[PDB]
């Protein structure tokens, strides 16, 4: 299926065209230095890959975007719902060492120029946020936990309440993540999903058999953005499934737990 709203600058980059001034995108599996099981453009420092290879994969992505890795900010992602407003002082945090990545953080946004925000992915849902009026860019990492927590709606509530955004001005993109085609969950997950402040929670999951459910994590997040006040017309959901697209993405589910991570990135220049 189409890459839309992304454009493929092969091999390594998928770029959100309409936003580019914002630079936003998502990396692919290809064009890196990492050995199996991280072949080849692994960007995670937390998956026991060779550290120098990950920094070089990041150094290559930073150079394609004609930026410096010193102006990048990374998160210690704990699959909760903490959103950090990145400022100049946060520069280079987590970019070369995981020790300085933003602790227990899964949402990032900023209004400062030349400051690139970065989240790691290999099946979970990447969300992008852009307010062209307030000149805010943001990204959030939503697995099933972050989805049940509504980390995507908190980004919108944070822009509305702390930053003075009009929710009608906010644009959002949902990137490559695991589709319902390849994702089944137990009651423990579904009970937490169906407890979201959405009334149409069950539109995103079905029952295969008792205790096994198919779940579309992109759709719950899209529902949470519309609930939060973003007009549905201003949300674009990538159809790409990280499990299905074997030549493009790492997938935690397909690869049986030991694999690389792509990254989403956004920044203003």
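Residue numbers count along the first chain shown, from 1.
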property	result
Missing residues, deposited sequence, between residue 20 and residue 21 (class: none, 1 to 3, 4 to 9, 10 or more)	4 to 9
Between the two ranges 210-218 and 36-44, the one averaging a larger CA B factor in the entry	210-218
Average Cα temperature factor in the PDB entry - higher stretch of 257-265, 5-13	5-13
Out of 175, 150, 107, 89, highest CA B-factor residue	89
Out of 182, 119, 155, 193, residue topping the C-alpha B-factor column of the entry	193
Residue 73 by Cα B-factor - lowest, middle or highest third of the modelled chain	middle
Residue 79 by Cα B-factor - lowest, middle or highest third of the modelled chain	lowest
Third of the chain's Cα B-factor distribution that residue 204 belongs to, per the entry	highest
Record-listed C-alpha B factor of residue 197: chain third	highest
Chain thirds of CA B-factor: placement of residue 102	middle
